[PDB]
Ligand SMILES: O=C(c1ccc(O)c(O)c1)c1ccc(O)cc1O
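Here you get one chain, nothing else, as structure tokens; it is the form solved without the ligand.
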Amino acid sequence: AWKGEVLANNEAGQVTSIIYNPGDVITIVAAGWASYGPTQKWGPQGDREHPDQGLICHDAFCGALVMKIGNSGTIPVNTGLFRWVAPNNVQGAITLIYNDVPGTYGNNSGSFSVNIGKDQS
């Protein structure tokens, strides 16, 4: 299992110790509060009122938690995933990232606390 913090202001994303292999079943739980700029804060699902303009992951809101697995594209995590199996041919190390627009992470604040474990399979 891996536990750690994902800073909203970390454009590169936080690499985890988890290597996703074919067939693997994993669980992720994400909590806390962060911002893409405003004094207001949002949870891991982000700000459902913010537009999608140039976000790294078009499938989640601004300020959501997303991930990449190896060199996949971005995949939504949000609050987390229960006993989840990736699509065919997705494999590698799990990096977690705050969903925002490239070049705009400087004004971000806060962090999410995230756990990831491999489940029985």
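Each form is matched to the other, and the largest set of C-alpha atoms that superpose within 1.5 Å is called the rigid core. Numbers follow the displayed sequence, beginning with 1.
Worksheet entry | Divergent stretch in 9 other deposited structures of this protein, 82 to 90 or 43 to 51 [C-alpha RMS, superposed by the core] | Output: 82 to 90, the stretch lying farther off on average in 9 other deposited structures of this protein.
Discussion item. Per the record, averaged over C-alpha atoms, which has the higher B-factor: 83 to 91 or 32 to 40?
Written reply: Result: 83 to 91.
Worksheet item: For residue 112, does the deposited CA B-factor place it in the lowest, middle or highest third of the chain?
Response: It falls in the top third of the chain.
Worksheet item: If you rank the chain by CA B-factor, which third does residue 15 end up in: lowest, middle or highest?
Response: Within its chain, residue 15 is a highest-third residue by C-alpha B-factor, going by the deposited values.
Discussion item. Please say which third, lowest, middle or highest, residue 78 falls into when its CA temperature factor is compared across its chain.
Written reply: Lowest third of the chain for residue 78's C-alpha B-factor.
Separately, the form solved in complex with the ligand exists; it is not shown, and the next lines address it.
Item to complete: Label the site open or blocked after overlaying the ligand from its pose in the bound PDB entry onto the shown form by the C-alphas around the site (blocked when 3+ ligand atoms sit within 2.4 Å of backbone or C-beta).
Response: Site status: open.
Worksheet item: Each of 75, 84 and 90 near the ligand in the bound PDB entry, meaning some heavy atom within 4.5 Å?
Response: Checked in the bound PDB entry: all three residues contact the ligand.
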